[PDB]
Amino acid sequence: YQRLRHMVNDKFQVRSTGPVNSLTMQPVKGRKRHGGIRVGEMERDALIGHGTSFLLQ
Amino acid sequence: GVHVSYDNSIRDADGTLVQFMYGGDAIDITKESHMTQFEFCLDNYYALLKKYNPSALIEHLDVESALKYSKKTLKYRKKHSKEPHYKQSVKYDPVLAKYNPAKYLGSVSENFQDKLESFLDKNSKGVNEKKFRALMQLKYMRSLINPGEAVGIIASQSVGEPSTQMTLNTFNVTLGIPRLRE
Amino acid sequence: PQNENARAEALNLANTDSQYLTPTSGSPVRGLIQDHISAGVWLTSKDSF
Amino acid sequence: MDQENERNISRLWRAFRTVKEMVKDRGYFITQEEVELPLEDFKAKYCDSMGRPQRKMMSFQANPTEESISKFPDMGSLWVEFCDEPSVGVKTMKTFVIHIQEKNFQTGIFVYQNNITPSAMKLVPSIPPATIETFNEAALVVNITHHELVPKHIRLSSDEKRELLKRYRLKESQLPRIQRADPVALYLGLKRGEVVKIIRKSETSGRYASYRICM
Amino acid sequence: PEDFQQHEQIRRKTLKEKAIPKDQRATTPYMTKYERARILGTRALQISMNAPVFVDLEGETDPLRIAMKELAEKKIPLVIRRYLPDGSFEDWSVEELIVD
């Protein structure tokens, strides 16, 4: 057997609140900047497809 | 913004109508799976009955008006079934155009009406036919699309998701995604 | 999610129990996968006592 | 002896059946024996003793049925006119404008052969109450409403156009639109604002009544 | 006070023309799975802000589970207002809607 080099250390992150951006007041990007998770364009369409207007809100 | 409205029409968010009924019959796709599984629904009559509980249900919805108009259209549509589609007479429109499917019992798409009546006559089987009509016609009424359903997103996701499966080579005419983009 | 309007939607509209049938063709998308298939052929067998 | 004249007649025999089917579909009085006129009977009536097709006896006049007057009160007469001259000239177009307006028709159908001079296409909206509709007789060869993909279109009276809009709570502009020059709207002679009803044969439901407005 | 007397009276009269009376209302007699999710969302959000509860919360500590018991006993005092696409609306109380 063989052990591969790439491992799962720098993969997880959690944010309750924290830093923002100065222009948008949205959560900052960043793995080590303690930054937010992106709800992208396709996830906006997935939250309309459930008809969940408050989860989108 | 294409969604089901409360009058069952399919409209856009500004208000413009797109369809008058979802798919012609106003049935949710995720509820129609045992719709025409009549022998399954006949074996499980007593369990399906108390699910679709008709006891505290007949006081709230019309029972006779759609069933009378359906038998008038079903009698009129067999007599002129031999004719082509342009010589069809238009005295009786479909019953779904006339009665709200969610308010009138028996206002049913004509394709479910044929298959149900084809089932009852080709099968001689303590359950009547008259209470197997009323169960399956109630099962139609409880399988409808709900108003406010995002059918425009669901349709686009029902083409955009299995198009990702559709990306390979020849197993002439344009195929797959380059045909679908046209 | 962070209020009771959004808890009620994720438990009643977007939960995994209401996503049993897919909206594409009404087929089920949830079920057991590899060892559970190959254990039901052993457990529901006729030698199983 | 029958290599082109057999088919120049048959491309006018079929083009004549469609107009009688088109006028009967618009709710005028065209009987079934007039519709189903065989090809040997078309030559015994509209072809002369030499055998050529003449487009003078072919022109005719139709009137509404009793069913159409009660549903459509302002439906008047109809003159259907063919033309011998292939390149249609403004001399013959000014006759047909006046022949409608002298005899006081409501609708006039001018079936031509190759083209109209665009100097004479300006006289198409010329009468203000009446309408002039032009058809190329190469386009009338096959009745397109008999096609299996073209569903049954029924134009509505303003009574159930009003019942439609009350029920769905619509404006006229919130319906699906059919064009002014759609080949089935030109068939039925639809004016702007008129609502046609389509009975679609759906894959999932069977008969399904849809609607569409002309703008 | 001259403009507001008329600007109110236009507004309450426009709002009366869009109200559909109880004998003329034409939508479904059922609670349409989004009405059910918002009623339990809005009622639980009221219960957690000290609204009077009309059911014995038998050691239940979850606001969302309290409203799920008030819905079973037909005790929620809310009203669904169902907007038809021209802005007109039907008012259905929660007690008279059939619950799926």
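As shown above, the structure is provided for reference.
Residues numbered from 1 in each chain as written, not as in the entry; some residues may be left out. Chains lettered and ligands numbered in written order. Part of a larger assembly, values for the part shown. Heavy atoms only, no water.

J.: Where do I start with the overall build of chain B in this structure?
T.: Secondary structure assignment for chain B yields eight helices and three strands. Taken as a whole, chain B presents about 10300 Å² of accessible surface, with 52% of it coming from carbon and sulfur. Of the side-chain charges in chain B, 26 are positive and 21 negative, and the distance between the mean point of each set is 7 Å. (Helix = DSSP H or I, 4+ residues; strand = E, 2+ residues; numbered from the N terminus. Areas by Shrake-Rupley, 256 points an atom, 1.4 Å probe, with all protein chains shown as cover. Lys, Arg positive; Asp, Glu negative; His and termini not counted. Charge placed at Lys NZ, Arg CZ, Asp CG, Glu CD.)

J.: Any chance you could explain the sheet that holds strand β1 (residues 3-4) of chain B here in plain terms?
T.: Strand pairing within a sheet occurs via backbone hydrogen bonds; the two strands may be parallel or antiparallel. Residue and element names in this part refer to chain B. Strand order in the open sheet formed by three strands is β1-β2-β3, and the pairing between neighbours is antiparallel. Every other strand in the sheet has two partners, leaving β1 and β3 (17-19) as the edge strands with one partner each. The sheet contact formed by β1 and strand β2 (residues 10-11) spans two bridges and is antiparallel. Its bridge partner being in β2, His 3 is matched across the sheet by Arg 11. (Pairing = 2+ DSSP bridges.)

J.: Before we go on, may I ask you to explain unusual backbone geometry in this structure?
T.: You will see that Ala26(B), though not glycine, has its phi angle at about 60°, which is positive. By the element assignment, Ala26(B) lies in the loop between β3 and α1 (38-43). For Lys74(E), which is not a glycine, the phi torsion comes out positive at approximately 55°. Following the sequence through the fold, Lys74(E) ends up in the loop between α3 (63-70) and β1 (79-83). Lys74(E) gets classed as partly exposed once you look at its relative accessible area, which sits at 31%. (Buried < 20%, exposed > 50% of the residue type's maximum accessible area, 1.4 Å probe, protein only.)

J.: What's the story with the interface of chain B and chain D in this structure? I'm lost.
T.: Accessible area lost on assembly of the parts is the figure often given for the size of an interface. Between chain B and chain D, the contact holds 28 residues from the first and 28 residues from the second. On the surface where chain B and chain D come into contact, there are one salt bridge. The partner of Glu110(B) in a salt bridge is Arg207(D), with the nearest N and O atoms 2.7 Å apart. Counting across the chain B and chain D interface gives 12 residue pairs in polar contact. (Contact = heavy atoms within 4.5 Å. Salt bridge = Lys/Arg side-chain N within 4 Å of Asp/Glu carboxyl O. Polar contact = N/O pair within 3.5 Å; in protein donor to acceptor, adjacent residues only side chain to side chain.)

J.: Is there a simple way to explain the sheet that holds strand β10 (residues 206-214) of chain D in this structure?
T.: Read across the sheet, four strands follow the order β7-β9-β10-β8 (chain D) without closing on themselves; strand pairing throughout is mixed. Each end of this open sheet is capped by a strand with a single partner; those strands are β7 (152-155) and β8 (177-178) of chain D.

J.: I tried to follow the pairing of strand β2 (residues 89-93) of chain E on my own but got confused; where do I start?
T.: Consecutive side chains of a regular strand alternate in pointing toward one face of the sheet and then the other. Relative to β2(E), β1(E) runs antiparallel, the two sharing five bridges. Following the sheet pairing, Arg81(E) is matched in β2(E) by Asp91(E).

J.: Whenever I open this one, the nonpolar core confuses me. Can you help?
T.: If you look at soluble globular proteins, the nonpolar side chains tend to sit buried side by side. Core analysis: the biggest nonpolar cluster contains 48 residues, and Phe20(B), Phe112(B), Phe132(B), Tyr140(B) and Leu175(D) have the highest contact counts within it. Secondary structure elements with two or more residues in this core: α1, α2 (45-51), α5 (110-121) and α6 (130-141) of chain B together with α6 (158-168) and β10 of chain D. Here the element with the most residues in this core is α6(B); it accounts for six residues. If we ignore the near neighbours within four places in the chain, the residues touching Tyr140(B) are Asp25(B), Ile27(B), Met35(B), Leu96(B), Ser107(B), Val108(B), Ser109(B) and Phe112(B). With 35 residues, the next largest nonpolar core counts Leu12(D), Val35(D), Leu188(D) and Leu190(D) among its residues. (Core = buried A, V, L, I, M, F, W, Y, C linked by side-chain atoms within 4.5 Å.)

J.: Please clarify how the packing of aromatic side chains should be interpreted in this entry.
T.: Any pair of aromatic rings gets described here by the distance separating the centres and the angle formed by the planes. This model, assessed by the stated rule, comprises 19 aromatic pairs over all chains. Judged by centre distance (6.0 Å) and plane angle (35°), the rings of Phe38(B) and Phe112(B) are tilted. Note that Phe38(B) is positioned in helix α1 and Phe112(B) in helix α5, a separation of 74 residues in sequence. A relative accessible area of 6% means that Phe38(B) is categorised as buried. Here the aromatic rings of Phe16(D) and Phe82(D) are separated by 6.0 Å at their centres, their planes lie at 45°, and the arrangement is tilted. One end of the pair, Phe16(D), is in helix α1 (residues 5-25); the other, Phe82(D), is in the loop between β2 (78-81) and β3 (87-88), with 66 residues separating them in the sequence. In this structure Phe82(D) comes out as buried when scored by relative accessible area, which is 2%. One aromatic cluster in this structure is built from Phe38(B), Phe112(B), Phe119(B), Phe132(B) and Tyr140(B). A cation over a ring is seen here: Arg155(D) above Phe72(D), with NZ or CZ 4.3 Å from the ring centre. The aromatic ring of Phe89(E) is capped on one face by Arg81(E), whose charged end is 4.2 Å from the ring centroid. (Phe/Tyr/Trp six-rings, centres within 6.5 Å; stacked < 30°, edge-to-face > 60°. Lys NZ or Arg CZ within 6 Å of the ring centre and 35° of its normal.)

J.: Sorry if this is basic, but what is going on with the arrangement of the chains here?
T.: Among the eight pairs of chains that make contact, the interface with the largest number of contacts is formed by chains B and D. Spatially, chain A and chain D are disjoint, and the shortest separation between their C-alpha atoms is 22 Å.

J.: Mind showing me how you'd approach the side chain of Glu81(D) here?
T.: Residue and element names in this part refer to chain D. In this structure, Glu 81 sits in strand β2. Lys 56 is the oppositely charged side chain nearest to the buried, salt-bridge-free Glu 81, at an N-O distance of 4.6 Å. In terms of polar contacts, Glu 81 uses its side chain to reach the side chain of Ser 59, at 3.1 Å.

J.: Teacher, can you tell me more about the pattern of salt bridges here?
T.: Pairs can form between side chains of opposite charge whenever their charged atoms are close. Inspection of every chain in the model, using the stated rule, returns 29 salt bridges over all chains. For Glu194(D), the salt bridge goes to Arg155(D), with nearest N and O atoms at 2.9 Å. Residue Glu194(D) is found in the loop between α7 (185-188) and β9 (195-202), and its partner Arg155(D) is found in strand β7; the two are separated by 39 residues along the sequence. With a closest N to O distance of 3.6 Å, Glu8(E) and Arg12(E) form a salt bridge. One end of the pair is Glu8(E) and the other is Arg12(E), both in helix α1 (residues 3-17) and four residues apart, which spans about a single turn. Through salt bridges that share partners, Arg77(B), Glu110(B), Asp114(B) and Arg207(D) make up one connected network.

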